[PDB]
Each structure stands twice: as C-alpha cells, then as structure tokens.
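J.: only the shape, not the letters, is given here:
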Ligand SMILES: *P(=O)(O)OCC(C)(C)[C@@H](O)C(N)=O
C-alpha cells in the first residue's frame, strides 16, 4: 500500500537512529471541525 | 530492503517496469564481525 | 634526582589527549569529556572505556 524512506537531522553520529520516518504520518489538524468528503469512498465513486 | 521496495514500487508506477525483483542480501565475514565489535554495536558474547 | 609516582592529573590528561589525537596544550582540564568530543557518542563511550580499565 505504502513504502517510504526518510533521513533524520543535523548530527555527528552516523550509527544513531532517528525519527525522520514520522513524516509518513504528517498531516494538518488546524481545520479539523468538519469531515473531509475526499476521505469518504462513496463521494469519490460518485465523482468517478 | 525497504529502500529496495520503495525504488521498486516507484519504478512500477513511473511505468518503467511491470515486474520488479526487490530485496536485500548480506554476508557475515571475519572483518565486519570485528568492526561492528569496535563500534560496540554487537552483543559481546563473554558478558552474555 | 628525587622520586615522584605519576599524578592522576597527568595520566587522565594523556588518555584523553591520545584518544582525541591532540597535544596536552590543545585540551584544557577544565573542559568536560562530553564538550571536547562534540556530539560523537562512540568517542565519548571509548574515553569512559579507557578510564574504567585504567583507574
Ligand atoms: P551515539 O549517540 O550516536 O550512539 C552510537 C551507538 C553505537 C550507541 C548507537 O548507534 C547504537 N548502536 O545503539
């Protein structure tokens, strides 16, 4: 379904693991009161 | 291996390949065993 | 001349100078082991493996 790769940040340690793969869950939650119709499959099928 | 899979997928969606072998492979020898010991990455067997 | 067994100050200052590949001058004794290394955990783990074996 998904496959991704991510670097981490500024550092001085090549073998230290990091959190750059968190960016696979990146979403915006400012305007989160009402539903996105784009998530609902029914809507998406009607458009097709 | 996960980078392999990513490169693999994006090769299929680009429309460059319909099929793709995808994976990874690595051997254990004397000299890597030693160098991972000097990084203190591997379990010291005498402590164990 | 007289006899003085080595200071723990001279012997601690040499095993941090030798490991970091520097002279005695370049390293101040007032600076920490974590400061002198920078951000390298491997070099900081390797200096506290010398002083654990030495003293
Ligand atoms: P530094 O804080 O980069 O740590 C290096 C070690 C070897 C401890 C780390 O990469 C590990 N193998 O857990």
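T.: Sure thing, it's come through. Numbering: from 1, shown residues only, chains lettered A, B, ... in the order given.

J.: quick one: contacts for the residue in chain A positioned nearest to chain B?
T.: Closest residue of chain A to chain B, C-beta to the nearest C-beta: residue A:3 (4.4 Å). C-beta here means a position set from N, CA and C on the backbone, and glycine is covered the same way. The neighbours of residue A:3, taking C-beta atoms under 8 Å, 6 or more residues apart in numbering or on different chains as the test, are B:2, B:5, B:6, B:8, B:9.

J.: for residue C:13, pull up the helix or strand it's in.
T.: Using DSSP states H and E, residue C:13 maps to helix C:8-17.

J.: return the set of buried residues in that helix.
T.: Across helix C:8-17, burial judged by 16 or more other C-beta atoms under 10 Å in any protein chain shown covers C:12, C:16, C:17.

J.: pretty sure residue A:13 sits against residue C:38.
T.: No: taking C-beta atoms under 8 Å as the definition, residue A:13 is not a contact partner of residue C:38, at 9.7 Å.

J.: compare those two and say which is more crowded by neighbours.
T.: residue A:13 (15 against 11; other C-beta atoms under 10 Å in any protein chain shown).

J.: what residues does chain C have near the ligand?
T.: Chain C has residues C:41, C:42 near the ligand, with proximity defined as C-beta under 6 Å from any ligand atom.

J.: who touches the spatially most central residue of chain C in this structure?
T.: What sits nearest the mean C-alpha location of chain C, by C-alpha atoms, centre = their mean, is residue C:16, with 2.2 Å. With contact taken as C-beta under 8 Å, 6+ apart, residue C:16 is in contact with C:27, C:33, C:36, C:47.

J.: next: residue C:24.
T.: C:13, C:14, C:17.

J.: so which of those is the closest to residue A:7?
T.: Relative to residue A:7, the closest of the contacts of residue C:24 is residue C:17; by C-beta to C-beta it sits at 34.6 Å.

J.: state the distance from that closest one to residue A:27.
T.: To residue A:27, residue C:17 is 51 Å away according to C-beta to C-beta, to the nearest Å.

J.: next: residue B:35.
T.: Here the distance between residue B:35 and residue A:27 works out to 41 Å (C-beta to C-beta).
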